[PDB]
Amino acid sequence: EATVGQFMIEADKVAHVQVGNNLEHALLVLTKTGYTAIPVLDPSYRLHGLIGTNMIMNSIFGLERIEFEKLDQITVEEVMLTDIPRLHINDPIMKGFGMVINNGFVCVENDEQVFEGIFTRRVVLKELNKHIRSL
């Protein structure tokens, strides 16, 4: 009966990078924030996709070595996943629940794809636990 919007972590408290940033910066943010995947936005705060640490590692993984020194030569745009799950700041939580089964978190956007925040597994789990506690 509830909606994704209220259970999400607002965009202000969510780390993100831009489509134009290079992989080295993207990797620095992921590592320092502890995120394994982060929202990728454009200068207009519109949601374009997700990029993760493993994705970055594979993009520079050679047949014999990890080419860290080429990270700042590749942009987030070239590596990011663009076909990502998306929730509306007004969708039902059952919609969210279904989507976090396979995703640590799901990005939430406004009507024009403006990034609003993320809907996480943790919030769904916390709420679910309270419900079972209810029985």
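We call the rigid core the largest set of C-alpha positions that still match within 1.5 Å between the two forms. All residue numbers are counted from 1 along the displayed sequence.
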property	result
Which of 29-37 and 62-70 strays further in 4 other deposited structures of this protein - Cα RMS after rigid core alignment	62-70
Mean C-alpha B-factor comparison - 57-65 and 24-32, higher one	57-65
Comparing 5-13 with 119-127, the one whose average Cα B-factor in the PDB entry is higher	5-13
C-alpha B-factor winner, where the candidates are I89, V106, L50, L71	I89
Record-listed C-alpha B factor of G96: chain third	highest
For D42, the third of its chain into which the C-alpha B factor falls	lowest
